[PDB]
Amino acid sequence: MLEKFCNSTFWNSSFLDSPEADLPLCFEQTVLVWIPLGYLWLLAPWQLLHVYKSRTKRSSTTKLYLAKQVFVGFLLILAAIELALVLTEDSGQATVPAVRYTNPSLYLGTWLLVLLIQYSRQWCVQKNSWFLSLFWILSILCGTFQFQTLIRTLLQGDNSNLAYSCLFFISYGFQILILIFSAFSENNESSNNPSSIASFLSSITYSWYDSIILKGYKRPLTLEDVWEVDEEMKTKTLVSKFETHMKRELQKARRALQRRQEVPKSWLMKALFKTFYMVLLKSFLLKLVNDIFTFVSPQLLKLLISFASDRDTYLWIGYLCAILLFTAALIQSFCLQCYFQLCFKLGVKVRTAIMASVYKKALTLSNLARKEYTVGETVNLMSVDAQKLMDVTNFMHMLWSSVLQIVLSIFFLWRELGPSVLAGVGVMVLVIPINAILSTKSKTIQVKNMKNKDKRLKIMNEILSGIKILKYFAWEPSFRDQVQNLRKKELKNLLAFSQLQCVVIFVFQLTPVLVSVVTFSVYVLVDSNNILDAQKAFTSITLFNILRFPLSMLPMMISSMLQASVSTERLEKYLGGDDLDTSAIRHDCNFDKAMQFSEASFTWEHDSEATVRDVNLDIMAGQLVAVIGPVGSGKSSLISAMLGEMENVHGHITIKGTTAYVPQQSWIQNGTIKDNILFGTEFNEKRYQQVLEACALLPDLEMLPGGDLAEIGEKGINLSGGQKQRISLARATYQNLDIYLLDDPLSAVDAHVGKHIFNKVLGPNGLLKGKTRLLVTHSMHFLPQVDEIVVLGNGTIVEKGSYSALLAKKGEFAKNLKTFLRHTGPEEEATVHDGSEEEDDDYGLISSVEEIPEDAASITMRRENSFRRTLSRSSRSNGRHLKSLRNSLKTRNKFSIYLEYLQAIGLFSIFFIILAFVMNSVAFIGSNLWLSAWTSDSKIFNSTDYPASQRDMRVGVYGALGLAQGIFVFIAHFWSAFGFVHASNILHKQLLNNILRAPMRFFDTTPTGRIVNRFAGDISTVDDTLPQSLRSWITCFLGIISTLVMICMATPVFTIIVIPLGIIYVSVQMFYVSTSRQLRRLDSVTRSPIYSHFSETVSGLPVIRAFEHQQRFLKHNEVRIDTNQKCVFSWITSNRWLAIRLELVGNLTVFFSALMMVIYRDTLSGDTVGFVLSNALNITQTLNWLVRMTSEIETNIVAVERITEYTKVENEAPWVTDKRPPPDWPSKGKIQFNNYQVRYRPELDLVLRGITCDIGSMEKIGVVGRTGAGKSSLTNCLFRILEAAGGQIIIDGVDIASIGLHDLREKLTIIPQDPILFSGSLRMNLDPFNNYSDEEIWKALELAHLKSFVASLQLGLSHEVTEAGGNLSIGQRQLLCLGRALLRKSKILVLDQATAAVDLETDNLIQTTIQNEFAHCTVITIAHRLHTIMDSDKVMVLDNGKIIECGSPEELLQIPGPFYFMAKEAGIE
Ligand SMILES: Nc1ncnc2c1ncn2[C@@H]1O[C@H](COP(=O)(O)OP(=O)(O)OP(=O)(O)O)[C@@H](O)[C@H]1O
Ligand SMILES: Nc1ncnc2c1ncn2[C@@H]1O[C@H](COP(=O)(O)OP(=O)(O)OP(=O)(O)O)[C@@H](O)[C@H]1O
Ligand SMILES: CC(C)CCC[C@@H](C)[C@H]1CC[C@H]2[C@@H]3CC=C4C[C@@H](O)CC[C@]4(C)[C@H]3CC[C@]12C
Ligand SMILES: CC(C)CCC[C@@H](C)[C@H]1CC[C@H]2[C@@H]3CC=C4C[C@@H](O)CC[C@]4(C)[C@H]3CC[C@]12C
Ligand SMILES: CC(C)CCC[C@@H](C)[C@H]1CC[C@H]2[C@@H]3CC=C4C[C@@H](O)CC[C@]4(C)[C@H]3CC[C@]12C
Ligand SMILES: CC(C)CCC[C@@H](C)[C@H]1CC[C@H]2[C@@H]3CC=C4C[C@@H](O)CC[C@]4(C)[C@H]3CC[C@]12C
Ligand SMILES: CC(C)CCC[C@@H](C)[C@H]1CC[C@H]2[C@@H]3CC=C4C[C@@H](O)CC[C@]4(C)[C@H]3CC[C@]12C
Ligand SMILES: [Mg+2]
């Protein structure tokens, strides 16, 4: 039928099959002008309906709109005038074919729809959609063909049709211009994000993120300038969506579980599929489309080889094939990037929807299930389980995209070689089994590695925190070896694990060559008729390279799904747990009473004995009643039942109004004191001040360093029981509720503060004089000022009555009211916390193992190592003692590192390793040239002319070259492993000796947290991931370099393209790293908050639920999640930006190569066009891998830099010098000071000045003074802890300066101010140096009155001790340090005021012991008990750093003076 419509033939061989070939103006003016129209017509109504339903306000008109409308109008008028001219040309006696009638009319019809659809878009967000943007591309691609034919026809010399050509040419141009104009964003400039408003091209090449790329390059970027996340992902939206389906599923699962077996089994997985099936479908379609291109390239490569093999062909074939290869690569990359983006976005959505839902359940779960779990366990649950589920949802489509890819690949190989292909596959299948046996061994080793690493850190924390005591007694040398033993014991396991990992990389590295040698040898040797040729060989190599990945990622995917199974099972127990029952507390306005108990009976457990039994009482409003009883009576249980935290058994409770809670164990949040007192309330001034003053929290607040705005909590000043109780009471009284349930709020405070609080806050005349008060107490001091008292016994009420009535009853109250009341004095003080902010990770900026397939082994290990390391830190309980707020306040008053690391490794081995890797690359190029020659050999011979000698020679050499390649790699890997284990040893050892020898200034300025982190995190980083990246980068670089030598060697001209693309590569490279690095940090800083908040709320749930303050905390958690969800996307998109740019560069560098071998084909063979393209086909992704891998080693080298800084910290005076003292130097206790002047730090002034005193032998001296007089400095001046800015100290005629450092301390003894006990055994604390024998030790405890405890202990001197002697009680901790100093029996003893916490009897013993034992010695004591200072031969007085009075105490008191005035103030005599 088409023959009469048109006039020419549709298709004839003569049209083609010629040097010059072209489709006729019949095929081009038919199907090529029907496809574009069909797309627009068929698909128009769907887009019209999609706009119709969602029509909103019109947007302001912009210049682009009018340009796009006027160009279409020009097209319309052009088509109209063409139709008019055609109709006017021939009317009479001219059967003009309808191709000149329909085609003109068709276009005129379409342009109208284009005008309409464009206007409709003006009413939507994205103006330039995908519909028109794809239509224009289709039209241009279809119309390019008419162009060539038309031009040629005219150029050839025919002038018959010139209007049509000119008309068509004008339209084709205007189409180009319209397509160009249809790419501009034309933004409304919405500050949220430009993702919603972006044309098709911008949203497909990611050329809208680049703004941030320009912003972060100039100046560092903060959280302000990162675009917000879209509404579809906001936490509030995701939760509701997931909650609907969760609620709908669980109930059905519960019903199914109840119907049978008469705890759900599988509901979470379904709830997720039913919620997010649509994204799954879209991603599946995109992955299916991409999977096709993976096998398209090899066919074009075979066509190129065939075309270049012969000579009598046409150029058009080669040019068309090159263009097709370019287009296929571009399309495949564009589809793959979009699929990656969709999948990763879905993963993030799932992770947020699980984390927020877990948080929301945590604060509504029953008490039984909550008490079953642990505080840290639930935090680890959210921090680990949710992350595991994110990974298994980032790489699930692989499962189906493998069993298909593999199958397809196998099919092709068979259609290319024959039954021989099976031989290669089998060798490529046997590898996986072997890989497993080695992974299990690696895990087995790593477990013990982790165990030994844990203990070392436990000794490190103690020594770093208590560095003062070590210096005083000179115990530094022992701990050196004590920790080096553990270091070596760990190093051997590290070396074993390292050499095992090398075997695995070797098998995954040589498998390509092995499969090639086996397949080719079997194919050529199995039958004499078989003859190799270039196309078959090179295509087989390409398909092997394609297939090598899935068979090596499928094992990993199966292992991951196995972990996600148990992770899912654990979460479903928590998210599916029961809820607490509330059908026992009736919140009605009884009014008649604010409380009523109708024979209630509640139990803590499910069905155990009732803790509270048969309770019935009622108290009117405005009544203060006190609940008293013995220990374990059940008061707090009664108040918890009032709150409703127990399970009802029998009865009901009526409550009118709100409630307030003051728990026995005070709970404090993180933040300022003002934030804690407010607890989410509008700030006032007439009530805030009243609350603070009434709770007597004013004097203390004045003494805090920051006043009211002082950070309190885990990461700040740790207050004592006395204060934390007053803060809790102040918060409760400021919130101003109706019913107050106080549980012992006056226990930690003393008598004065307690009386003041009772008379000013809660009592007959106080702040809460109208509200009802229920207080539980243990002291009978405030009983007469109450209204009604109740005595609880065995959980039930024994007697209820007024104070006078109970006293008149004459029974239990008489005995009860004796001296039960217990008073508490000031309790300890504050405790500052050393900053330990460390959260650097290893697995970052990497989302799946599909983006960087070459390095899947290392990526998997890093994830597992990070997950394992998370638990340890959570379950660690670091015990670095603590510091007193008082003492802390006084204290306040470039490529070179790469060279350093290489020098630590050893340049001698580095040279040989580089030589080995380079030699391997040469053997690679050599093998390819042997095959290229072997394949070339075929053309000379034929089927029945191949000799046997050639057949054997062409394969023996191939085998030899493969063997050489394998050997050189193995050697390179074998040495690399050792070259590192040595580095970790020298770096740590060198660092430890230097850091352990630093002066006190450095230890005082830098917080302990920073110093200990270097010994733990960095050492782990510099001995684990570092080597993997350092060994992968060189392999990638050498592969790229080898590929380029091959292409340039074949055709020299290519050298030109190398320079330009490099300038682009190194440019595109700096940009990415200059931004990604900053986003990596932001992510870590904005994560820890979330887990901190969850831990806080879980610990303080009853207080949260007593005040009815749950919505605020839910909102806080939602904001904290939306801050991190905004930052993750900002790097998930950046990685996709780089890919489109580098995959484009990599595809361009192969397109040119192909064309350069079609213009110079004359001097080229088929095989030479094989080794050049077969390799260059896999250079696109290798660039992306190199940039990503070089963006990780650059981020990881930061470890070595830190370690180096502390290895070069200033040191103090040498331990031992040549100047030795006379034997038994401290013969007599003769000390003298000559104008001794000193300063703590060079920037600080002299603290002690003009000191001139004399110390006699066998003399007892008492140093006493005022605050800030430098009393304690005197001691820290005799142990040469500081220097000597002025003057000197002479003992036994020998200046302390001349004598060596470790030569002086040994012969001096000092009792520590705060007795500290190290871990280990009792022998280690008493004598780490094992110099003494047990016999003389056994005498020491006899003198110390401690032999009774130690003899009857579990062991003798071998008994272990926990942290800071936690197993031992306080009484012996101070006592033991007395015995420690007793063993040394030195000559000069410097005592200090350290008997403050020693009990009277013990104190007395300590005091007399000093006198009985130390008699033939000199004793200098700095003390505050002026009374105790009475027997000193000479009393020295310091004012502000100057000696004042030096005389006997009797003389000092006989003659009035500053000492006598102090004694008069003290009143000792
Ligand atoms: N959280 C709990 N879980 C289980 N049983 C508990 C719990 N708290 C208390 N009990 C049980 O109830 C008994 C009474 O505890 P409760 O704290 O009510 O007594 P109390 O007299 O108020 O104590 P105290 O005088 O020390 O404040 C305990 O000895 C124990 O047997
Ligand atoms: N670590 C330090 N860093 C800086 N200056 C310090 C440090 N320790 C002490 N000082 C300075 O030295 C002064 C004297 O401190 P020292 O403890 O010797 O005085 P003191 O009169 O014995 O104290 P107290 O009355 O509390 O027993 C401090 O007030 C302070 O100015
Ligand atoms: C598949 C397309 C899109 C790209 C691949 C190149 C195409 C255009 C080339 C590759 C091989 C070519 C064929 C090779 C040999 C012959 C036999 C001849 O007597 C008629 C033409 C015909 C059948 C050619 C037609 C064009 C052809 C199919
Ligand atoms: C708009 C662009 C993408 C169209 C691409 C095809 C163009 C560039 C091609 C198609 C047909 C080609 C022409 C075909 C034949 C000849 C005759 C020859 O003796 C000189 C080159 C010349 C004149 C070619 C020039 C380039 C040409 C016009
Ligand atoms: C399909 C899209 C993407 C690109 C289309 C490119 C087409 C139009 C190009 C690519 C290679 C070109 C051919 C290359 C060489 C010659 C030989 C010359 O003596 C006549 C023109 C002729 C025969 C060209 C015709 C046009 C041609 C076939
Ligand atoms: C993007 C696509 C559509 C256009 C670019 C295709 C390029 C590679 C094509 C288009 C026109 C082609 C040229 C057209 C005409 C001739 C003359 C002929 O005697 C030798 C080949 C030569 C010199 C062609 C080489 C290849 C060529 C330059
Ligand atoms: C097996 C191992 C020990 C071989 C050692 C390879 C050495 C020579 C290689 C591996 C990693 C390389 C570094 C990788 C990254 C960069 C960042 C770039 O901006 C400058 C070069 C620099 C700094 C490289 C210098 C050379 C380097 C240190
Ligand atoms: Mg209690």
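Indices start at 1 and increase along the chain as displayed.
Determined via electron microscopy, 3.4 Å.
Just so it is clear, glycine is given a Cβ too, placed from its N, Cα and C backbone atoms.
Taken verbatim from Swiss-Prot:
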- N7: N-linked glycosylation site (CARBOHYD)
- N12: N-linked glycosylation site (CARBOHYD)
- 49-68: topological domain 'Cytoplasmic' (TOPO_DOM)
- 115-126: topological domain 'Cytoplasmic' (TOPO_DOM)
- 127-147: transmembrane segment (TRANSMEM)
- 166-186: transmembrane segment (TRANSMEM)
- 272-292: transmembrane segment (TRANSMEM)
- 280-563: domain 'ABC transmembrane type-1 1' (DOMAIN)
- 319-339: transmembrane segment (TRANSMEM)
- 340-395: topological domain 'Cytoplasmic' (TOPO_DOM)
- 441-502: topological domain 'Cytoplasmic' (TOPO_DOM)
- 503-523: transmembrane segment (TRANSMEM)
- 546-566: transmembrane segment (TRANSMEM)
- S836: phosphoserine (MOD_RES)
- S884: phosphoserine (MOD_RES)
- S888: phosphoserine (MOD_RES)
- 903-923: transmembrane segment (TRANSMEM)
- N942: N-linked glycosylation site (CARBOHYD)
- 965-985: transmembrane segment (TRANSMEM)
- 986-1028: topological domain 'Cytoplasmic' (TOPO_DOM)
- 1029-1049: transmembrane segment (TRANSMEM)
- 1051-1071: transmembrane segment (TRANSMEM)
- 1072-1142: topological domain 'Cytoplasmic' (TOPO_DOM)
- 1143-1163: transmembrane segment (TRANSMEM)
- 1166-1186: transmembrane segment (TRANSMEM)
- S1369: phosphoserine (MOD_RES)
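Where Swiss-Prot records a feature, it is marked here on the structure.
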| residue | record | DSSP (3 states) |
| --- | --- | --- |
| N7 | N-linked glycosylation site | coil |
| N12 | N-linked glycosylation site | coil |
| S836 | phosphoserine | coil |
| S884 | phosphoserine | strand |
| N942 | N-linked glycosylation site | coil |
| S1369 | phosphoserine | coil |
Rank aside, I only need the closest one: which of the recorded positions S836, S884, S888, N942, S1369 has its C-alpha nearest to that of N7 (N-linked glycosylation site)?
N942
Rounded to a whole angstrom, give the Cα distance between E262 and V263, which sit at either end of 42 unmodelled residues.
13
Let me check the 10 A CB neighbour count of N942 (N-linked glycosylation site). How many other CB atoms are there?
9
Nearest of the recorded positions to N942 (N-linked glycosylation site) by CA-CA distance, picking from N12, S884, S888?
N12
Neighbouring C-beta atoms (10 Å sphere around the C-beta of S1369 (phosphoserine)):
9
Between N893 and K894 there is a gap of 27 missing residues, so what is the CA distance across it in angstrom, to the nearest whole number?
36
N12 (N-linked glycosylation site) and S1369 (phosphoserine), compared by Cα position, are separated in whole Å by 105
Which numbers of helix, strand and coil residues does DSSP report for the topological domain 'Cytoplasmic' (1072-1142)?
65 helix, 0 strand, 6 coil
Within 10 A of the CB of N12 (N-linked glycosylation site), the number of other CB atoms across every chain shown is 12
Among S836, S884, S888, i.e. the modified residues, the one with its Cα nearest that of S1369 (phosphoserine) is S884
By a Cβ-Cβ criterion of under 8 Å, what residues six or more beyond either terminus of the transmembrane segment (965-985) are in contact with it?
487, 491, 494-495, 498-499, 501-502, 505-506, 509-510, 513, 901, 904-906, 909-910, 912-913, 916-917, 919-920, 923-924, 927, 1019, 1022-1023, 1026-1027, 1031
Cα-Cα distance linking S836 (phosphoserine) and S884 (phosphoserine), given in Å to the nearest integer
18
Mind giving me a neighbour count for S888 (phosphoserine)? Other Cβ atoms within 10 Å of its Cβ, every protein chain shown.
16
Can you name the far-off residues of the same chain, 6+ from the ends of the topological domain 'Cytoplasmic' (49-68), with a Cβ under 8 Å from a Cβ of it?
118, 120-124, 127, 178, 181-182, 184, 186, 188
If one takes Cβ-Cβ under 8 Å and requires six or more residues beyond its ends, the residues near the topological domain 'Cytoplasmic' (986-1028) are 453, 457, 460-461, 464-465, 467-468, 471, 476, 479-480, 483-484, 487, 494, 498, 501, 834-838, 840, 842, 855, 858, 861-862, 865, 869, 880, 891, 904, 976-977, 980, 1193, 1196, 1199-1200, 1202-1203, 1206-1212, 1215, 1240-1241, 1281-1282
